[PDB]
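One chain is shown next in structure tokens, namely the form deposited in one PDB entry.
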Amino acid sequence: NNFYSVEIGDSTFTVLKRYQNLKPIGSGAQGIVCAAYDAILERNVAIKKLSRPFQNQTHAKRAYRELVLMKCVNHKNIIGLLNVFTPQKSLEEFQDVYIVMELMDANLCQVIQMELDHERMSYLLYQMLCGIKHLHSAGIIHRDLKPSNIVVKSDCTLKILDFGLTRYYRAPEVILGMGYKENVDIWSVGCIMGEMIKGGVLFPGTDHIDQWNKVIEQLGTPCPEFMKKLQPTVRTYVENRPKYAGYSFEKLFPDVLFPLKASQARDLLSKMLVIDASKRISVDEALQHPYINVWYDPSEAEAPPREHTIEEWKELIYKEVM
């Protein structure tokens, strides 16, 4: 009696009465998401119904993981958990999980191709980095940052949408079969910043192989040291491409593309868009760069941080919901 049902295409959203005005804004293999209005908090929310969370151990494992990280991770620059519920009254009946988040106005896809001043550019990038740093502190490395999984509001605030693991924003480590570390996420920040400046995708590969070619065409073929780190099968392709010199960052990002500040942005870009991760800038150095550091606030940029059966996952998830 505290709940009601709304049909959402072929899916039924059975939710607390506080949530009205439901409307589907997205879906994927793991869930359906509706925009809604929360009559109790008097604010807009996003409600995600998880998809087939108990179909197998793998689905259950992810559902449990997603739920635990959203609860335990807290930072203004990371999508937060407002509420979690199940419409079922018992563990025996337990089937469905709904996650409630603050409703953001947009992702970054269009915004970054509009023309932003330095202040907006750098402030958005500062917030991204603060968000990413907090993920890394919690032992979460994203590996898949892109504009579509970064959300904003009309008040110029920003949150990262998910905890990760379109190929334009993938680092070289990922493109190829390499090991990664923290600064894998810096590449994606680089691609995004560049795009804010350029007004279009930096490295728009037509396929997974072409993504590499687009990068090296602009940045240059990486040195032999790096080639040695590649697995034999991928090394055979990569090493035998024509040799590109790359263009300087002055040529890639000349003054005329921008709205000292351009010089500072270029310098930072030249340190993030580095193919060889062992030569790429880190998150901490990025936050300390004069282009980003102007917004510095320690409370934001230094914030304090197996095997089961389906029924055991059901129970672990149920406890987490209650």
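Between two forms, the rigid core is the largest collection of C-alphas that superpose within 1.5 Å. The first residue of the sequence shown is number 1, and the count goes up from there.
One more form of this protein, deposited in another entry, exists but is not displayed; see below.
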Which single residue of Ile99, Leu135, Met128, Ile197, after superposing the core, moves its CA by 2 Å or more between the shown form and the other one? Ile99
With both forms fitted on the core, check whether the Cα of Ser270 differs by 2 Å or more between the shown form and the other one. no
2 Å or more on the CA of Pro254 between the shown form and the other one, with the rigid core superposed, yes or no? no
Quick check: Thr12 between the shown form and the other one - does its CA shift reach 2 Å or more after fitting the rigid core? yes
